[PDB]
file run24.pdb (PDB, C-alpha atoms)
ATOM      1  CA  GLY A   1     -10.476  12.995 -31.881  1.00  0.00           C
ATOM      2  CA  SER A   2      -7.284  12.451 -29.898  1.00  0.00           C
ATOM      3  CA  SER A   3      -4.405  14.626 -28.692  1.00  0.00           C
ATOM      4  CA  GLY A   4      -1.459  12.794 -30.222  1.00  0.00           C
ATOM      5  CA  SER A   5      -1.799   9.051 -29.687  1.00  0.00           C
ATOM      6  CA  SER A   6       0.289   9.479 -26.536  1.00  0.00           C
ATOM      7  CA  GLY A   7      -0.818   6.292 -24.807  1.00  0.00           C
ATOM      8  CA  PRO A   8      -3.195   4.903 -22.160  1.00  0.00           C
ATOM      9  CA  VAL A   9      -2.369   5.000 -18.448  1.00  0.00           C
ATOM     10  CA  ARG A  10      -2.350   1.497 -16.968  1.00  0.00           C
ATOM     11  CA  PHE A  11      -3.167   0.900 -13.301  1.00  0.00           C
ATOM     12  CA  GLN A  12      -0.133  -0.721 -11.677  1.00  0.00           C
ATOM     13  CA  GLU A  13      -1.420  -0.333  -8.120  1.00  0.00           C
ATOM     14  CA  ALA A  14      -4.966   1.039  -8.195  1.00  0.00           C
ATOM     15  CA  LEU A  15      -6.981   1.779  -5.055  1.00  0.00           C
ATOM     16  CA  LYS A  16      -7.656  -1.184  -2.769  1.00  0.00           C
ATOM     17  CA  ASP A  17     -10.189  -1.909  -0.025  1.00  0.00           C
ATOM     18  CA  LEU A  18      -9.598   0.333   2.991  1.00  0.00           C
ATOM     19  CA  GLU A  19     -10.419  -0.372   6.637  1.00  0.00           C
ATOM     20  CA  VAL A  20     -11.158   2.567   8.935  1.00  0.00           C
ATOM     21  CA  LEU A  21     -13.348   3.266  11.966  1.00  0.00           C
ATOM     22  CA  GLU A  22     -15.803   6.151  12.310  1.00  0.00           C
ATOM     23  CA  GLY A  23     -14.016   9.070  13.940  1.00  0.00           C
ATOM     24  CA  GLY A  24     -11.017   9.736  11.731  1.00  0.00           C
ATOM     25  CA  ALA A  25      -9.911  10.240   8.134  1.00  0.00           C
ATOM     26  CA  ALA A  26      -9.508   7.960   5.117  1.00  0.00           C
ATOM     27  CA  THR A  27      -6.613   8.476   2.705  1.00  0.00           C
ATOM     28  CA  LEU A  28      -6.554   6.346  -0.446  1.00  0.00           C
ATOM     29  CA  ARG A  29      -3.413   5.651  -2.475  1.00  0.00           C
ATOM     30  CA  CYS A  30      -2.679   4.406  -5.994  1.00  0.00           C
ATOM     31  CA  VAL A  31       0.363   4.373  -8.278  1.00  0.00           C
ATOM     32  CA  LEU A  32      -0.046   4.851 -12.029  1.00  0.00           C
ATOM     33  CA  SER A  33       1.959   2.966 -14.654  1.00  0.00           C
ATOM     34  CA  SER A  34       3.241   6.305 -15.952  1.00  0.00           C
ATOM     35  CA  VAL A  35       3.717   9.809 -14.551  1.00  0.00           C
ATOM     36  CA  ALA A  36       0.899  12.004 -15.853  1.00  0.00           C
ATOM     37  CA  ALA A  37      -1.246  14.909 -14.658  1.00  0.00           C
ATOM     38  CA  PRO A  38      -3.327  16.563 -13.748  1.00  0.00           C
ATOM     39  CA  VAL A  39      -5.659  13.707 -12.811  1.00  0.00           C
ATOM     40  CA  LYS A  40      -9.447  13.414 -12.636  1.00  0.00           C
ATOM     41  CA  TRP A  41     -11.416  12.234  -9.605  1.00  0.00           C
ATOM     42  CA  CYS A  42     -15.004  10.979  -9.740  1.00  0.00           C
ATOM     43  CA  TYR A  43     -17.330   9.435  -7.158  1.00  0.00           C
ATOM     44  CA  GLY A  44     -20.691   7.956  -8.105  1.00  0.00           C
ATOM     45  CA  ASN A  45     -22.229  10.228 -10.729  1.00  0.00           C
ATOM     46  CA  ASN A  46     -20.859  13.741 -10.227  1.00  0.00           C
ATOM     47  CA  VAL A  47     -17.160  14.577 -10.520  1.00  0.00           C
ATOM     48  CA  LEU A  48     -15.077  15.245  -7.409  1.00  0.00           C
ATOM     49  CA  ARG A  49     -13.380  18.627  -7.022  1.00  0.00           C
ATOM     50  CA  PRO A  50     -10.452  19.870  -4.893  1.00  0.00           C
ATOM     51  CA  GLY A  51     -11.450  21.945  -1.881  1.00  0.00           C
ATOM     52  CA  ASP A  52     -12.048  21.795   1.866  1.00  0.00           C
ATOM     53  CA  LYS A  53     -14.217  18.680   2.119  1.00  0.00           C
ATOM     54  CA  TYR A  54     -11.905  16.754  -0.208  1.00  0.00           C
ATOM     55  CA  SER A  55      -8.167  17.121  -0.808  1.00  0.00           C
ATOM     56  CA  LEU A  56      -6.566  15.787  -3.992  1.00  0.00           C
ATOM     57  CA  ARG A  57      -2.789  15.582  -4.393  1.00  0.00           C
ATOM     58  CA  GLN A  58      -0.604  14.297  -7.229  1.00  0.00           C
ATOM     59  CA  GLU A  59       3.103  13.467  -7.038  1.00  0.00           C
ATOM     60  CA  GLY A  60       5.160  11.093  -9.161  1.00  0.00           C
ATOM     61  CA  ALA A  61       2.391   8.874 -10.508  1.00  0.00           C
ATOM     62  CA  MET A  62       0.784   8.943  -7.062  1.00  0.00           C
ATOM     63  CA  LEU A  63      -2.660  10.109  -5.946  1.00  0.00           C
ATOM     64  CA  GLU A  64      -4.009  10.972  -2.495  1.00  0.00           C
ATOM     65  CA  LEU A  65      -7.669  11.522  -1.618  1.00  0.00           C
ATOM     66  CA  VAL A  66      -8.490  12.435   1.983  1.00  0.00           C
ATOM     67  CA  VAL A  67     -11.992  12.213   3.448  1.00  0.00           C
ATOM     68  CA  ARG A  68     -12.825  14.023   6.687  1.00  0.00           C
ATOM     69  CA  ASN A  69     -15.879  13.408   8.871  1.00  0.00           C
ATOM     70  CA  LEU A  70     -15.848   9.696   8.037  1.00  0.00           C
ATOM     71  CA  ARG A  71     -19.409   8.368   8.195  1.00  0.00           C
ATOM     72  CA  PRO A  72     -21.038   4.924   7.832  1.00  0.00           C
ATOM     73  CA  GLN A  73     -23.089   6.396   4.987  1.00  0.00           C
ATOM     74  CA  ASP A  74     -20.104   7.686   3.015  1.00  0.00           C
ATOM     75  CA  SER A  75     -18.910   4.192   2.097  1.00  0.00           C
ATOM     76  CA  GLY A  76     -19.426   3.983  -1.654  1.00  0.00           C
ATOM     77  CA  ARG A  77     -17.522   3.437  -4.892  1.00  0.00           C
ATOM     78  CA  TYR A  78     -14.576   5.779  -5.442  1.00  0.00           C
ATOM     79  CA  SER A  79     -13.293   5.396  -9.002  1.00  0.00           C
ATOM     80  CA  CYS A  80     -10.526   7.532 -10.501  1.00  0.00           C
ATOM     81  CA  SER A  81     -10.857   8.368 -14.197  1.00  0.00           C
ATOM     82  CA  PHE A  82      -7.424   8.673 -15.807  1.00  0.00           C
ATOM     83  CA  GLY A  83      -6.170   7.500 -19.188  1.00  0.00           C
ATOM     84  CA  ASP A  84      -8.035   4.745 -21.015  1.00  0.00           C
ATOM     85  CA  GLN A  85      -8.635   2.464 -18.031  1.00  0.00           C
ATOM     86  CA  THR A  86     -10.563   3.183 -14.832  1.00  0.00           C
ATOM     87  CA  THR A  87     -10.182   1.926 -11.264  1.00  0.00           C
ATOM     88  CA  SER A  88     -12.668   1.480  -8.420  1.00  0.00           C
ATOM     89  CA  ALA A  89     -12.424   0.667  -4.713  1.00  0.00           C
ATOM     90  CA  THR A  90     -14.580   0.485  -1.584  1.00  0.00           C
ATOM     91  CA  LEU A  91     -14.104   2.027   1.860  1.00  0.00           C
ATOM     92  CA  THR A  92     -15.051   0.408   5.169  1.00  0.00           C
ATOM     93  CA  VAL A  93     -16.415   2.613   7.953  1.00  0.00           C
ATOM     94  CA  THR A  94     -17.587   1.057  11.218  1.00  0.00           C
ATOM     95  CA  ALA A  95     -20.001   3.056  13.373  1.00  0.00           C
ATOM     96  CA  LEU A  96     -18.352   3.792  16.721  1.00  0.00           C
ATOM     97  CA  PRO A  97     -19.419   1.361  19.478  1.00  0.00           C
ATOM     98  CA  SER A  98     -20.741   4.389  21.363  1.00  0.00           C
ATOM     99  CA  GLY A  99     -18.666   3.560  24.426  1.00  0.00           C
ATOM    100  CA  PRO A 100     -17.976   5.750  27.480  1.00  0.00           C
ATOM    101  CA  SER A 101     -16.303   8.182  25.081  1.00  0.00           C
ATOM    102  CA  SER A 102     -17.126  11.820  25.824  1.00  0.00           C
ATOM    103  CA  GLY A 103     -17.745  12.967  22.264  1.00  0.00           C
TER
END

call {"tool": "encode", "arguments": {"input": "run24.pdb", "output": "structure tokens"}}
result
Amino acid sequence: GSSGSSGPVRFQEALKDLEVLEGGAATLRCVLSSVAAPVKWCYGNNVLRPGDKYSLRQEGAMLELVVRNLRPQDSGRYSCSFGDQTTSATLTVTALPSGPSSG
């Protein structure tokens, strides 16, 4: 059943569309209606886990998901599962113009 009818966690400021160029890192941000943790992170079908590739951080109803090696194929639907409601956002990654850059 339930734990103790505590209450659902509304999404005051969920994740919003992000604009970044290929060759950096993308850090999403979202503030929950209430301070609760730990939190759950999911992307697509499988559930996201804290490690090297990804870095999850929680502090005062605040989440932070960093994504290294930004690629034009990574852009998807990052939705955080927490409480009764769920949020979802989209990232924008532009493929470098392939200029005179060394690389």

call {"tool": "residues_around", "arguments": {"input": "run24.pdb", "residues": "residue A:15", "least_positions_apart": "3", "cutoff": "9 Å", "atoms": "all atoms listed in the file", "output": "NGL selection string"}}
result
:A and (18 or 28-31 or 78-80 or 87-90)

call {"tool": "write_last_selection", "arguments": {"input": "run24.pdb", "atoms": "C-alpha atoms", "output": "mmCIF file, in the coordinates of the input"}}
result
data_model
loop_
_atom_site.group_PDB
_atom_site.id
_atom_site.type_symbol
_atom_site.label_atom_id
_atom_site.label_comp_id
_atom_site.auth_asym_id
_atom_site.auth_seq_id
_atom_site.Cartn_x
_atom_site.Cartn_y
_atom_site.Cartn_z
ATOM 1 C CA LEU A 18 -9.598 0.333 2.991
ATOM 2 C CA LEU A 28 -6.554 6.346 -0.446
ATOM 3 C CA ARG A 29 -3.413 5.651 -2.475
ATOM 4 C CA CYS A 30 -2.679 4.406 -5.994
ATOM 5 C CA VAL A 31 0.363 4.373 -8.278
ATOM 6 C CA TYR A 78 -14.576 5.779 -5.442
ATOM 7 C CA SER A 79 -13.293 5.396 -9.002
ATOM 8 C CA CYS A 80 -10.526 7.532 -10.501
ATOM 9 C CA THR A 87 -10.182 1.926 -11.264
ATOM 10 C CA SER A 88 -12.668 1.480 -8.420
ATOM 11 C CA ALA A 89 -12.424 0.667 -4.713
ATOM 12 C CA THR A 90 -14.580 0.485 -1.584
#

call {"tool": "closest_residue", "arguments": {"input": "run24.pdb", "among": "A:34, A:101, A:2, A:92", "to": "residue A:72", "atoms": "all atoms listed in the file"}}
result
A:92

call {"tool": "atom_distance", "arguments": {"input": "run24.pdb", "atom1": "atom CA of residue A:97", "atom2": "atom CA of residue A:26"}}
result
18.7 Å

call {"tool": "residues_around", "arguments": {"input": "run24.pdb", "residues": "residue A:61", "least_positions_apart": "2", "cutoff": "9 Å", "atoms": "only C-alpha atoms", "output": "list in words"}}
result
residues 30, 31, 32, 33, 34, 35, 36, 37, 58, 59 and 63 of chain A

call {"tool": "atom_distance", "arguments": {"input": "run24.pdb", "atom1": "atom CA of residue A:47", "atom2": "atom CA of residue A:84"}}
result
17.0 Å

call {"tool": "residues_around", "arguments": {"input": "run24.pdb", "residues": "residue A:75", "least_positions_apart": "2", "cutoff": "12 Å", "atoms": "all atoms listed in the file", "output": "PyMOL selection string"}}
result
chain A and resi 17-22+26+43-44+67+69-73+77-78+89-95

call {"tool": "closest_residue", "arguments": {"input": "run24.pdb", "among": "A:103, A:1, A:24, A:38", "to": "residue A:81", "atoms": "only C-alpha atoms"}}
result
A:38

call {"tool": "atom_distance", "arguments": {"input": "run24.pdb", "atom1": "atom CA of residue A:48", "atom2": "atom CA of residue A:83"}}
result
16.7 Å

call {"tool": "resolve_selection", "arguments": {"input": "run24.pdb", "expression": "the PyMOL selection byres ((chain A and resi 56) around 10)", "output": "JSON, numbers by chain"}}
result
{"A": [27, 39, 40, 41, 48, 49, 50, 51, 54, 55, 57, 58, 63, 64, 65, 66, 67]}
